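The data block below is model_26.cif; it holds mmCIF, N, CA, C and O atoms and all ligand atoms.
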data_upload
loop_
_atom_site.label_atom_id
_atom_site.label_comp_id
_atom_site.auth_asym_id
_atom_site.auth_seq_id
_atom_site.Cartn_x
_atom_site.Cartn_y
_atom_site.Cartn_z
N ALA H 1 -3.23 17.62 2.98
CA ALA H 1 -2.48 17.78 1.71
C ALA H 1 -2.48 16.46 0.96
O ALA H 1 -1.52 16.15 0.25
N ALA H 2 -3.55 15.70 1.10
CA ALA H 2 -3.65 14.40 0.44
C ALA H 2 -3.90 14.49 -1.07
O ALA H 2 -4.65 15.35 -1.54
N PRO H 3 -3.25 13.62 -1.85
CA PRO H 3 -3.43 13.62 -3.30
C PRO H 3 -4.88 13.30 -3.65
O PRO H 3 -5.63 12.79 -2.82
N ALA H 4 -5.28 13.60 -4.88
CA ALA H 4 -6.65 13.37 -5.31
C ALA H 4 -7.10 11.91 -5.26
O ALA H 4 -8.29 11.64 -5.10
N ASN H 5 -6.17 10.98 -5.40
CA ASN H 5 -6.51 9.56 -5.38
C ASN H 5 -6.05 8.86 -4.10
O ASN H 5 -5.80 7.65 -4.11
N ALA H 6 -5.95 9.60 -3.01
CA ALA H 6 -5.55 9.01 -1.75
C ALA H 6 -6.68 8.16 -1.20
O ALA H 6 -7.86 8.45 -1.42
N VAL H 7 -6.33 7.07 -0.52
CA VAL H 7 -7.33 6.21 0.08
C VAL H 7 -8.04 7.06 1.14
O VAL H 7 -7.39 7.67 1.99
N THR H 8 -9.37 7.12 1.09
CA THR H 8 -10.13 7.91 2.05
C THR H 8 -10.82 7.02 3.09
O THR H 8 -10.88 5.80 2.94
N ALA H 9 -11.34 7.66 4.14
CA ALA H 9 -12.02 6.95 5.22
C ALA H 9 -13.37 6.37 4.82
O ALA H 9 -13.93 5.54 5.53
N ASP H 10 -13.90 6.83 3.69
CA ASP H 10 -15.19 6.37 3.19
C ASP H 10 -15.04 5.15 2.28
O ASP H 10 -16.03 4.55 1.87
N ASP H 11 -13.80 4.80 1.98
CA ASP H 11 -13.48 3.64 1.13
C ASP H 11 -13.91 2.37 1.87
O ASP H 11 -13.43 2.09 2.97
N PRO H 12 -14.82 1.57 1.28
CA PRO H 12 -15.27 0.34 1.93
C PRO H 12 -14.14 -0.57 2.43
O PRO H 12 -14.18 -1.05 3.56
N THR H 13 -13.15 -0.80 1.58
CA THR H 13 -12.03 -1.65 1.94
C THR H 13 -11.18 -1.00 3.03
O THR H 13 -10.64 -1.68 3.90
N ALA H 14 -11.06 0.33 2.98
CA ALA H 14 -10.29 1.05 3.99
C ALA H 14 -10.96 0.87 5.35
O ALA H 14 -10.29 0.73 6.37
N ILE H 15 -12.29 0.89 5.37
CA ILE H 15 -13.03 0.72 6.61
C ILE H 15 -12.85 -0.72 7.11
O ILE H 15 -12.55 -0.94 8.28
N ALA H 16 -13.01 -1.68 6.21
CA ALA H 16 -12.88 -3.09 6.56
C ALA H 16 -11.49 -3.44 7.10
O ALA H 16 -11.36 -4.24 8.03
N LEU H 17 -10.46 -2.85 6.51
CA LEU H 17 -9.08 -3.11 6.91
C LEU H 17 -8.55 -2.20 8.02
O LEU H 17 -7.39 -2.32 8.42
N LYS H 18 -9.39 -1.29 8.51
CA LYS H 18 -8.99 -0.37 9.57
C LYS H 18 -7.82 0.51 9.17
O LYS H 18 -6.92 0.76 9.96
N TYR H 19 -7.83 0.96 7.92
CA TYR H 19 -6.75 1.81 7.43
C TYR H 19 -6.81 3.24 7.97
O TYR H 19 -7.89 3.79 8.18
N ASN H 20 -5.64 3.82 8.20
CA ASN H 20 -5.52 5.21 8.63
C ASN H 20 -4.19 5.69 8.07
O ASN H 20 -3.18 4.97 8.14
N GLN H 21 -4.18 6.89 7.50
CA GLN H 21 -2.96 7.45 6.93
C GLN H 21 -1.91 7.79 7.99
O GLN H 21 -0.75 8.07 7.66
N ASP H 22 -2.32 7.77 9.25
CA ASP H 22 -1.43 8.05 10.38
C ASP H 22 -1.45 6.84 11.30
O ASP H 22 -2.43 6.59 12.00
N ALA H 23 -0.35 6.08 11.29
CA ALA H 23 -0.24 4.88 12.11
C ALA H 23 -0.43 5.12 13.61
O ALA H 23 -0.87 4.21 14.32
N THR H 24 -0.11 6.32 14.09
CA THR H 24 -0.28 6.62 15.51
C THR H 24 -1.75 6.77 15.88
O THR H 24 -2.10 6.86 17.06
N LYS H 25 -2.61 6.80 14.87
CA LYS H 25 -4.05 6.90 15.06
C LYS H 25 -4.67 5.64 14.46
O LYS H 25 -5.62 5.71 13.67
N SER H 26 -4.12 4.48 14.81
CA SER H 26 -4.62 3.22 14.29
C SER H 26 -4.74 2.18 15.39
O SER H 26 -4.32 2.42 16.52
N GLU H 27 -5.30 1.02 15.05
CA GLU H 27 -5.48 -0.06 16.01
C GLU H 27 -4.44 -1.16 15.83
O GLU H 27 -4.71 -2.34 16.08
N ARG H 28 -3.24 -0.77 15.39
CA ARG H 28 -2.17 -1.73 15.18
C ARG H 28 -1.85 -2.51 16.45
O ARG H 28 -1.54 -3.70 16.38
N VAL H 29 -1.92 -1.88 17.62
CA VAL H 29 -1.60 -2.59 18.85
C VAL H 29 -2.61 -3.72 19.11
O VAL H 29 -2.23 -4.84 19.45
N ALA H 30 -3.89 -3.43 18.93
CA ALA H 30 -4.91 -4.44 19.16
C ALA H 30 -4.93 -5.58 18.15
O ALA H 30 -5.32 -6.71 18.47
N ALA H 31 -4.50 -5.30 16.92
CA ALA H 31 -4.49 -6.33 15.88
C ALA H 31 -3.35 -7.31 16.12
O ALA H 31 -3.46 -8.49 15.78
N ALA H 32 -2.26 -6.82 16.70
CA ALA H 32 -1.08 -7.63 17.01
C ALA H 32 -0.59 -8.49 15.85
O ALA H 32 -0.24 -9.65 16.04
N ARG H 33 -0.58 -7.93 14.64
CA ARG H 33 -0.12 -8.66 13.47
C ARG H 33 1.31 -9.14 13.68
O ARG H 33 2.14 -8.41 14.21
N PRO H 34 1.63 -10.36 13.21
CA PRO H 34 2.97 -10.92 13.37
C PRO H 34 4.06 -10.36 12.46
O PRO H 34 3.79 -9.90 11.35
N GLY H 35 5.31 -10.41 12.93
CA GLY H 35 6.43 -9.94 12.13
C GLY H 35 7.30 -8.88 12.76
O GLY H 35 8.52 -8.88 12.61
N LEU H 36 6.66 -7.95 13.47
CA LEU H 36 7.35 -6.87 14.13
C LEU H 36 6.49 -6.39 15.28
O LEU H 36 5.27 -6.56 15.24
N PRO H 37 7.09 -5.81 16.33
CA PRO H 37 6.26 -5.32 17.43
C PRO H 37 5.25 -4.32 16.81
O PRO H 37 5.62 -3.56 15.92
N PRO H 38 3.99 -4.33 17.28
CA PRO H 38 2.92 -3.45 16.79
C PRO H 38 3.28 -1.98 16.58
O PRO H 38 2.96 -1.40 15.54
N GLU H 39 3.93 -1.38 17.56
CA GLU H 39 4.28 0.03 17.47
C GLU H 39 5.27 0.38 16.35
O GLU H 39 5.43 1.55 16.03
N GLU H 40 5.92 -0.62 15.77
CA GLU H 40 6.86 -0.37 14.68
C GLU H 40 6.26 -0.57 13.30
O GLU H 40 6.93 -0.34 12.29
N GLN H 41 5.00 -1.00 13.24
CA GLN H 41 4.37 -1.26 11.95
C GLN H 41 3.71 -0.08 11.25
O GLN H 41 2.92 0.64 11.85
N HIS H 42 4.07 0.11 9.98
CA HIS H 42 3.46 1.14 9.14
C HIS H 42 3.66 0.76 7.68
O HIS H 42 4.40 -0.17 7.37
N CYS H 43 2.99 1.48 6.79
CA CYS H 43 3.07 1.19 5.36
C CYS H 43 4.49 1.10 4.82
O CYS H 43 4.77 0.26 3.96
N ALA H 44 5.39 1.94 5.32
CA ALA H 44 6.77 1.96 4.86
C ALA H 44 7.48 0.61 4.95
O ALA H 44 8.32 0.29 4.10
N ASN H 45 7.18 -0.18 5.98
CA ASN H 45 7.82 -1.48 6.11
C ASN H 45 6.86 -2.64 5.84
O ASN H 45 7.05 -3.75 6.36
N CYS H 46 5.85 -2.38 5.02
CA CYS H 46 4.87 -3.40 4.66
C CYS H 46 5.19 -3.97 3.27
O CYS H 46 5.57 -3.24 2.36
N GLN H 47 5.02 -5.28 3.13
CA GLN H 47 5.30 -5.97 1.87
C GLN H 47 4.43 -5.51 0.70
O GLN H 47 4.84 -5.61 -0.46
N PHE H 48 3.23 -5.01 0.99
CA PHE H 48 2.32 -4.58 -0.06
C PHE H 48 2.51 -3.15 -0.59
O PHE H 48 1.89 -2.77 -1.58
N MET H 49 3.37 -2.37 0.06
CA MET H 49 3.60 -1.01 -0.42
C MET H 49 4.38 -1.05 -1.73
O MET H 49 5.24 -1.91 -1.93
N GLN H 50 4.05 -0.12 -2.62
CA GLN H 50 4.71 -0.03 -3.92
C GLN H 50 5.49 1.28 -4.00
O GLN H 50 4.91 2.35 -4.23
N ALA H 51 6.80 1.20 -3.82
CA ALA H 51 7.67 2.37 -3.84
C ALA H 51 7.80 3.03 -5.20
O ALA H 51 8.27 4.17 -5.30
N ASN H 52 7.41 2.32 -6.25
CA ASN H 52 7.50 2.83 -7.62
C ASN H 52 6.23 3.57 -8.06
O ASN H 52 6.15 4.06 -9.19
N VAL H 53 5.25 3.64 -7.17
CA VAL H 53 3.99 4.30 -7.47
C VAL H 53 3.79 5.49 -6.55
O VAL H 53 4.05 5.40 -5.35
N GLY H 54 3.34 6.61 -7.10
CA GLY H 54 3.12 7.80 -6.29
C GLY H 54 4.38 8.62 -6.10
O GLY H 54 5.40 8.34 -6.72
N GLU H 55 4.32 9.62 -5.23
CA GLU H 55 5.45 10.50 -4.98
C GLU H 55 5.55 10.89 -3.50
O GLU H 55 4.54 10.97 -2.81
N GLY H 56 6.77 11.14 -3.03
CA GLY H 56 6.96 11.55 -1.65
C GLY H 56 6.41 10.59 -0.62
O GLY H 56 6.73 9.40 -0.63
N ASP H 57 5.56 11.10 0.26
CA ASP H 57 4.96 10.29 1.32
C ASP H 57 3.74 9.51 0.85
O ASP H 57 3.17 8.73 1.61
N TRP H 58 3.33 9.72 -0.39
CA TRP H 58 2.15 9.05 -0.92
C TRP H 58 2.55 8.02 -1.95
O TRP H 58 2.89 8.35 -3.08
N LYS H 59 2.50 6.75 -1.54
CA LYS H 59 2.88 5.65 -2.41
C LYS H 59 1.73 4.69 -2.66
O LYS H 59 0.66 4.81 -2.07
N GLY H 60 1.98 3.72 -3.53
CA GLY H 60 0.95 2.75 -3.84
C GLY H 60 0.90 1.60 -2.85
O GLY H 60 1.79 1.40 -2.04
N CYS H 61 -0.20 0.86 -2.91
CA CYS H 61 -0.40 -0.30 -2.06
C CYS H 61 -1.08 -1.32 -2.95
O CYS H 61 -2.08 -1.03 -3.60
N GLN H 62 -0.52 -2.52 -2.98
CA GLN H 62 -1.09 -3.57 -3.80
C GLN H 62 -2.56 -3.83 -3.52
O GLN H 62 -3.29 -4.25 -4.42
N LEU H 63 -3.01 -3.56 -2.30
CA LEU H 63 -4.40 -3.82 -1.94
C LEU H 63 -5.41 -2.74 -2.32
O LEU H 63 -6.62 -2.97 -2.24
N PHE H 64 -4.92 -1.58 -2.74
CA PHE H 64 -5.77 -0.46 -3.14
C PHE H 64 -5.36 -0.01 -4.54
O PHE H 64 -4.77 1.04 -4.71
N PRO H 65 -5.70 -0.81 -5.57
CA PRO H 65 -5.33 -0.45 -6.94
C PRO H 65 -5.88 0.90 -7.41
O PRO H 65 -7.06 1.20 -7.23
N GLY H 66 -5.01 1.71 -8.01
CA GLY H 66 -5.41 3.01 -8.50
C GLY H 66 -5.45 4.12 -7.46
O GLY H 66 -5.82 5.25 -7.77
N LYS H 67 -5.06 3.80 -6.23
CA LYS H 67 -5.06 4.78 -5.15
C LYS H 67 -3.69 4.92 -4.49
O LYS H 67 -2.76 4.20 -4.82
N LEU H 68 -3.58 5.86 -3.55
CA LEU H 68 -2.33 6.07 -2.84
C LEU H 68 -2.55 6.06 -1.33
O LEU H 68 -3.57 6.54 -0.83
N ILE H 69 -1.59 5.49 -0.62
CA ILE H 69 -1.65 5.45 0.83
C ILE H 69 -0.50 6.31 1.34
O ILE H 69 0.31 6.80 0.55
N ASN H 70 -0.43 6.53 2.65
CA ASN H 70 0.65 7.32 3.22
C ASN H 70 1.66 6.34 3.80
O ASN H 70 1.28 5.38 4.47
N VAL H 71 2.94 6.57 3.54
CA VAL H 71 3.99 5.69 4.03
C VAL H 71 3.97 5.58 5.55
O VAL H 71 4.51 4.63 6.12
N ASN H 72 3.36 6.56 6.21
CA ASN H 72 3.28 6.59 7.66
C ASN H 72 1.97 6.04 8.19
O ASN H 72 1.68 6.16 9.39
N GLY H 73 1.18 5.42 7.31
CA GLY H 73 -0.10 4.87 7.72
C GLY H 73 -0.01 3.41 8.14
O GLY H 73 1.08 2.88 8.36
N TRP H 74 -1.17 2.76 8.23
CA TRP H 74 -1.23 1.35 8.64
C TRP H 74 -2.63 0.81 8.36
O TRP H 74 -3.59 1.57 8.31
N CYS H 75 -2.72 -0.50 8.18
CA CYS H 75 -4.00 -1.17 7.97
C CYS H 75 -3.83 -2.59 8.50
O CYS H 75 -2.70 -3.07 8.66
N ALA H 76 -4.94 -3.26 8.80
CA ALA H 76 -4.91 -4.61 9.37
C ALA H 76 -4.22 -5.67 8.52
O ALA H 76 -3.91 -6.75 9.01
N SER H 77 -3.99 -5.36 7.25
CA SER H 77 -3.34 -6.30 6.34
C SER H 77 -1.81 -6.16 6.37
O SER H 77 -1.11 -6.84 5.61
N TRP H 78 -1.30 -5.29 7.23
CA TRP H 78 0.15 -5.08 7.33
C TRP H 78 0.90 -6.40 7.37
O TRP H 78 0.56 -7.31 8.12
N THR H 79 1.94 -6.51 6.54
CA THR H 79 2.75 -7.71 6.46
C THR H 79 4.20 -7.25 6.31
O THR H 79 4.49 -6.37 5.51
N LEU H 80 5.11 -7.84 7.08
CA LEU H 80 6.52 -7.45 7.02
C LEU H 80 7.09 -7.50 5.60
O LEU H 80 6.90 -8.48 4.88
N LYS H 81 7.78 -6.43 5.21
CA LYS H 81 8.40 -6.38 3.90
C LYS H 81 9.60 -7.32 3.92
O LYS H 81 10.60 -7.04 4.57
N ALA H 82 9.49 -8.43 3.20
CA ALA H 82 10.56 -9.42 3.16
C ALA H 82 11.27 -9.44 1.80
O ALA H 82 12.30 -10.09 1.64
N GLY H 83 10.70 -8.72 0.83
CA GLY H 83 11.31 -8.68 -0.48
C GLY H 83 12.06 -7.38 -0.70
O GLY H 83 11.86 -6.74 -1.75
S1 LIG B 101 -1.42 -3.41 3.13
FE1 LIG B 101 0.50 -2.51 3.97
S2 LIG B 101 1.06 -0.75 2.57
FE2 LIG B 101 -1.15 -1.29 2.14
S3 LIG B 101 -2.35 0.17 3.55
FE3 LIG B 101 -2.05 -1.81 4.67
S4 LIG B 101 -0.13 -1.50 5.94
FE4 LIG B 101 -0.21 0.17 4.31
#
The structure in this file should be written as structure tokens.
Amino acid sequence: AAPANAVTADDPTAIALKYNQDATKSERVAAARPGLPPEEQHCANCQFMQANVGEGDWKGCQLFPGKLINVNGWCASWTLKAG
């Protein structure tokens, strides 16, 4: 039920960043990004997510201009939301 402009698996940057719309199907544990234990990381608590863009579970991400990610997803660029 992904929106027409959702980040897809064929997206070059999505591939490079290991993005997945479902964090439970991601390599967050292996990346071990700092800020929060790996298993707690997803788009919803990432500094780059844009809550003012998109609707419902599909919001914006500063790193994917013009597209939408899933709040329950994850990518290697995950950064703790401090703002
Ligand atoms: S940068 Fe953050 S909000 Fe954007 S896809 Fe990656 S984890 Fe999700």
**OP:** Return as a PyMOL selection string the full set of residues in chain H whose backbone-based DSSP assignment is strand (DSSP E or B).
**Re:** chain H and resi 6+20+46+49-55+58-61+68-70+74+80
Subject >> Nearby residues, (-8.1, 3.3, -4.6) file frame, 10 Å, only C-alpha atoms, as a PyMOL selection string >> reply: chain H and resi 5-8+11+13-14+60-69
**OP:** Using all atoms listed in the file, find each residue with an atom at most 7 Å away from ligand LIG 101 (chain B) and format the answer as a ChimeraX atom specification.
**Re:** /H:17,19-20,41-50,60-64,69-71,73-79
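Residue nearest residue 4 in chain H within the list H:16, H:38, H:83, H:58: H:58 [criterion: smallest interatomic distance, only C-alpha atoms].
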Subject >> Picked from chain H by DSSP as alpha helix (DSSP H), as a PyMOL selection string >> reply: chain H and resi 12-16+28-31
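Note that CA of residue 22 in chain H and atom N of residue 35 in chain H are 19.8 Å apart.
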